[PDB]
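Each chain, written out:
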Amino acid sequence: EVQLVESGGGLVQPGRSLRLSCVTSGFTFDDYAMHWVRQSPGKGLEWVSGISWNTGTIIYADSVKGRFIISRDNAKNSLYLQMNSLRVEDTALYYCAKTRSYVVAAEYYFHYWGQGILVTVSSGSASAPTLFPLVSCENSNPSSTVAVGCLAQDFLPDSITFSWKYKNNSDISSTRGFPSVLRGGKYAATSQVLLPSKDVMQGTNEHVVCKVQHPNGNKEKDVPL
Amino acid sequence: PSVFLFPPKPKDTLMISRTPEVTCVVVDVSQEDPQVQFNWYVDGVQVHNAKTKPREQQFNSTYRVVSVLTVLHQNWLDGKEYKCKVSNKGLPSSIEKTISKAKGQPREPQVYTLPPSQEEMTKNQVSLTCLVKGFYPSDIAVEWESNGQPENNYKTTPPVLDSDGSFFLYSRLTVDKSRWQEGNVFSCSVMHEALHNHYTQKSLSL
Amino acid sequence: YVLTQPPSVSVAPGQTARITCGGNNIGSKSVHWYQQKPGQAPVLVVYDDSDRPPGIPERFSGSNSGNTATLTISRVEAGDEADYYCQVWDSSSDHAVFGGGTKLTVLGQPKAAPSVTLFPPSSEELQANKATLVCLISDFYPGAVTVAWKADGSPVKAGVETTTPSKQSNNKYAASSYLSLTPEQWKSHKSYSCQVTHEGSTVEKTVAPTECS
């Protein structure tokens, strides 16, 4: 059994700093070069840095050189990553890794990975999402009435549960939800609602309504028909 | 006084993280004065002094004069001659000794794991075998591990000089048949100079 | 160094999934493979080209020669559904390059045609001196589509940020693609198009900065 446990911090404002840590167990730390590999929230892994057994050889990623400082402590079975001059682009899940090589110059492979701690770099912490309506155009005969969509942006952190309301009881209780995207220090998420023609069944659809359920920062924007 | 020069641990030369040493020890000192001298001739270069510090691990009346020598991995793996020139106020002349790795072109070991003989299943503790053959030099290192943890209950036979000029050995892990029945996966890890990363391991399961 | 592996690979149970890891003279390097399950840290399934770590099933075989490394999975099962990454240490510059990743979608249900609609940035956004094109893709299986943006035919690379497909709950997968551009850029083009390729099929919608006057 081998376990690499990371700590570090979490959410931070750009420019600020964070020092990550990784305490290892289940193997001789002195014998293996440890590495840090991050994973951008939503797409692929990216190698960050690495350091030899005796600290002698330190190496970094080009997109990190100068900012991040990788360290280790054999006596304490710990690997660190001093993240200086943070940037929003650095928002990723940082993984700790154990290699397995004995030859002088080996083609490293990450034998063991930690669960991965998360660092979020952005300005505002809790933000009230600014809701902007999206409209297409009238349609019915050539194809399904695309109607309109609701674009919720400027919220942070996530924890969003949007809901569209009508003047009467929402019969067809459904909504085309979508994933939130990692934007520059903020999040954004749309919600589309296809409309089966303009069936004015008593309730006159003067304008559709869109509301966002978010802890701290409740908003409701008016959308056309 | 008889002198005995000893080589470094096979693991110690194969992994860059360890420090391979050469040991010069002596037994039966002459009754007089302990005036000793050391001249470590490293096939050309010379350290002379090195770290000749006899940490007298005195138990009862025993205590010998040991002299370790920090060795550069490659220098040992390239066939350099490490000589120890021991002397003492009593010996007629200085006795020298010289060691180097088994001179010869290295051969990558072939590792094969063998499950328990069906006859052994009648017993409570079945044994897992690991055949490591066709390697050279003899200097090798074999260990066993289950779920990323070394298993201490195993023995390894010394290298037998096969007909092919190469060597071979067997490592036997002893595991409760209950554990073997559970479909656990054990691995035979072998370290040797001529291996891709000085490492390789083969697993066993049910 | 550069590694290149197909975005997705859909194979029905029983069949063999062969994941290709492209690399220039990759045969001189030892490819490694990792398996990353949703919400789980990646695991080393194959290393040094063909070696398998204790415990990883036999059906996982590694291959590598010339300009291609090929991860092969015999008798593909549902539990083998995750992202596979091919990594290689570039000896020439001391950097560990990972591939883009491949989504091994073990086929279960039939393939669904993606419905895509591009919405123009509302005037309110323009008022805030910003312009965002929102391309919504929904009801598609396998959950993997390549979305591309292009202004007046020419592809726009900067400002794009697409979300990964999500099955949410309705079984079918969905996604969203954004193009955060300046309000002036939006007005300085005849038309903008969002093209989503769902395995061969490329469907695209166009939104022009003007329709009539």
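Criteria and thresholds
Residues numbered from 1 in each chain as written, not as in the entry; some residues may be left out. Chains lettered and ligands numbered in written order. Heavy atoms only, no water. Salt bridge = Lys/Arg side-chain N within 4 Å of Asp/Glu carboxyl O. Buried < 20%, exposed > 50% of the residue type's maximum accessible area, 1.4 Å probe, protein only. Disulfide = S-S within 2.5 Å. Helix = DSSP H or I, 4+ residues; strand = E, 2+ residues; numbered from the N terminus. Pairing = 2+ DSSP bridges. Axes fitted to C-alpha atoms, helices over the stretch in contact; angles between N-to-C directions. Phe/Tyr/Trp six-rings, centres within 6.5 Å; stacked < 30°, edge-to-face > 60°. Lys NZ or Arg CZ within 6 Å of the ring centre and 35° of its normal. Domains from an automatic or database assignment. Contact = heavy atoms within 4.5 Å. Buried area = accessible area lost by both parts, 1.4 Å probe. Polar contact = N/O pair within 3.5 Å; in protein donor to acceptor, adjacent residues only side chain to side chain. Nonpolar A, V, L, I, M, F, W, Y, C, P; charged D, E, K, R; others polar. Core = buried A, V, L, I, M, F, W, Y, C linked by side-chain atoms within 4.5 Å.

Some points on the pattern of salt bridges
All names here are of chain B.
Then step 1. Going through the model one piece at a time under the given rule, you end up with 17 salt bridges over all chains.
Then step 2. Salt-bridge contacts for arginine 18 lead to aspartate 12; the nearest nitrogen and oxygen are separated by 4.0 Å.
Then step 3. Judged by relative accessible area, which is 25%, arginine 18 ranks as partly exposed.

Observations concerning the state of the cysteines
All names here are of chain A.
Then step 1. Evaluated as defined, the whole model comprises six disulfides over all chains.
Then step 2. With its sulfur 2.0 Å from that of its partner, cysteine 22 forms a disulfide with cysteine 96. In this structure the cystine formed by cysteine 22 and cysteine 96 twists about its S-S bond by roughly -100 degrees; its chirality is therefore left-handed. Residue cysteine 22 is found in strand β3 (residues 18-25), and its partner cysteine 96 is found in strand β9 (residues 92-98); the two are separated by 74 residues along the sequence.
Then step 3. Judged by relative accessible area, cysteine 22 falls into the buried class, the value being 0%.

Some details on the sheet that holds strand β19 (residues 219-223) of chain A
Residues and elements named next belong to chain A.
Then step 1. The three strands lie next to each other as β14-β18-β19, forming an open sheet whose pairing is antiparallel. A single partner strand is all that each edge strand has here, and the edge strands are β14 (163-165) and β19. Strand-to-strand twist across the sheet, computed as the mean angle between neighbouring axes with direction ignored, equals 25 degrees.
Then step 2. Pairing of β14 with strand β18 (residues 208-212), which is carried by three bridges, proceeds in the antiparallel orientation. By the bridge assignment, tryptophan 164 is partnered in β18 with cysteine 210.

Side note on the packing of aromatic side chains
Then step 1. Per the counting criterion, the structure on display carries 23 aromatic pairs over all chains.
Then step 2. Look at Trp113(A) and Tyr34(C): their rings are 5.3 Å apart centre to centre, the planes differ by 80 degrees, and that puts the pair in the edge-to-face class. Of this pair, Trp113(A) sits in strand β10 (residues 112-113) while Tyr34(C) sits in strand β4 (residues 32-36), which puts the two residues in different chains. Of the two residues, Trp113(A) and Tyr34(C), neither departs from the other in class, the shared state being buried.
Then step 3. An aromatic cluster is defined as three or more aromatic residues linked by ring pairs; in this entry it consists of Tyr95(A), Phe110(A), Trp113(A), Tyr34(C) and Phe98(C).
Then step 4. Across from the ring centre of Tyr32(A), 3.7 Å away, lies the NZ or CZ of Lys98(A), which sits over that ring.

Describing the sheet that holds strand β14 (residues 186-191) of chain B
Hydrogen bonding along the main chain pairs the strands of a sheet, whether they run parallel or antiparallel.
All names here are of chain B.
Then step 1. Spatially, three strands are ordered β10-β14-β15 in an open sheet, and the strand pairing comes out antiparallel. Both edges of this open sheet fall to β10 (141-145) and β15 (200-204), since each of them pairs with a single strand only. Ignoring which end each strand starts from, the neighbouring axes of this sheet average 20 degrees apart.
Then step 2. Pairing between β10 and β14: five bridges, direction antiparallel. When the bridges of β14 are listed, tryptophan 144 appears paired with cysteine 188.

A look at the domain arrangement of chain A
Residues and elements named next belong to chain A.
Then step 1. Entries for chain A in the domain assignment read domain 1 (1-123) and domain 2 (124-225).
Then step 2. With centres defined by C-alpha atoms, the gap from domain 1 to domain 2 works out at 40 Å.
Then step 3. Of the residues lining the interface, five residues belong to domain 1; the matching set on domain 2 comes to seven residues.
Then step 4. By the criterion of area lost to domain 2, the three top residues of domain 1 are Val88, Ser122 and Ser123, representing 58% of everything that side buries.
Then step 5. Remark: the boundary between domain 1 and domain 2 carries zero salt bridges.
Then step 6. In this assembly, domain 1 and domain 2 are joined by zero residue pairs in polar contact.
Then step 7. For the side of domain 1 that touches domain 2, the residue count by class is two nonpolar, three polar and no charged.

Quick look at the pairing of strand β11 (residues 117-121) of chain A
Consecutive side chains along a regular strand alternate between the two faces of the sheet.
All names here are of chain A.
Then step 1. With respect to burial, β11 is a largely interior element, four of its five residues being buried.
Then step 2. The pairing of strand β2 (residues 11-12) with β11 spans two bridges and is classified as parallel. Residue pairing for β11: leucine 11 is matched across the bridge by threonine 120.
Then step 3. Two strands pair when backbone bridges link them, and β9 and β11 are joined in this way by three bridges, in the antiparallel orientation. Of the residues in β11, the one forming a bridge with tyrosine 94 is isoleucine 117.

Some thoughts on the nonpolar core
Then step 1. Grouped together as the largest cluster of nonpolar side chains are 34 residues, with contacts concentrated most on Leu20(A), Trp36(A), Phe68(A), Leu79(A), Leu81(A), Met83(A) and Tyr94(A).
Then step 2. Contributing elements (two or more residues each) for this core: β3, β4 (34-39), β5 (45-51), β7 (68-73), β8 (78-83), β9 and β11 of chain A.
Then step 3. Every residue in contact with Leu79(A), bar those within four places of it in the chain, is listed here: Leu20(A), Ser21(A), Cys22(A), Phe29(A), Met34(A), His35(A), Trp36(A), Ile51(A), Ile70(A), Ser71(A), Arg72(A) and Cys96(A).
Then step 4. By size, the runner-up hydrophobic cluster in this structure holds 23 residues, among which are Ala112(C), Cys135(C), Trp149(C) and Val207(C).

Brief notes about the interface of chain A and chain B
By a widely used convention, the size of an interface equals the accessible area lost when the partners come together.
Then step 1. In this assembly, twelve residues from chain A lie in contact with 14 residues from chain B.
Then step 2. Carbon and sulfur atoms supply 49% of the area that chain A and chain B bury against each other, a total of about 1,100 Å² over both sides.
Then step 3. On the chain A side of the contact with chain B, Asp31(A), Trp53(A) and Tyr102(A) bury the most area, a combined 53% of that side's loss.
Then step 4. Inspection of the chain A/chain B interface yields one salt bridge.
Then step 5. Put simply, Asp31(A) and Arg18(B) hold a salt bridge, and the shortest N to O gap is 2.9 Å.
Then step 6. In this assembly, chain A and chain B are joined by eight residue pairs in polar contact.

Section: the side chain of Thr23(B)
Then step 1. Assignment of secondary structure puts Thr23(B) in strand β2 (residues 21-27).
Then step 2. Discounting residues that sit within four places of it in the chain, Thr23(B) has contacts with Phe4(B), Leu5(B), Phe6(B), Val66(B), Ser67(B) and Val68(B).

Digging into the environment of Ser94(B)
Residue and element names in this part refer to chain B.
Then step 1. Topologically, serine 94 is positioned in the loop between β6 (82-86) and β7 (95-99).
Then step 2. According to the relative accessible area criterion, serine 94 is partly exposed, its value standing at 35%.
Then step 3. Each residue touching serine 94, except ones within four places of it in the same chain, is listed here: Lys85, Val86 and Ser87.

Re the interface of chain A and chain C
Then step 1. Facing 44 residues of chain A, the contacting portion of chain C comprises 41 residues.
Then step 2. Together, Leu45(A), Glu107(A) and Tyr109(A) form the three largest contributors to the area buried by chain A at its contact with chain C, with a combined 18%.
Then step 3. Joining chain A to chain C, the criterion identifies zero salt bridges.
Then step 4. In this assembly, chain A and chain C are joined by eleven residue pairs in polar contact.
Then step 5. Among the secondary structure elements, those contributing two or more residues to the side of chain A that touches chain C are β4, β5, β6 (58-60), β12 (130-135), β13 (148-155), β16 (181-183) and β17 (186-193) of chain A.
Then step 6. Taken together, the residues of the side of chain A that touches chain C sort by class into 26 nonpolar, 13 polar and five charged.

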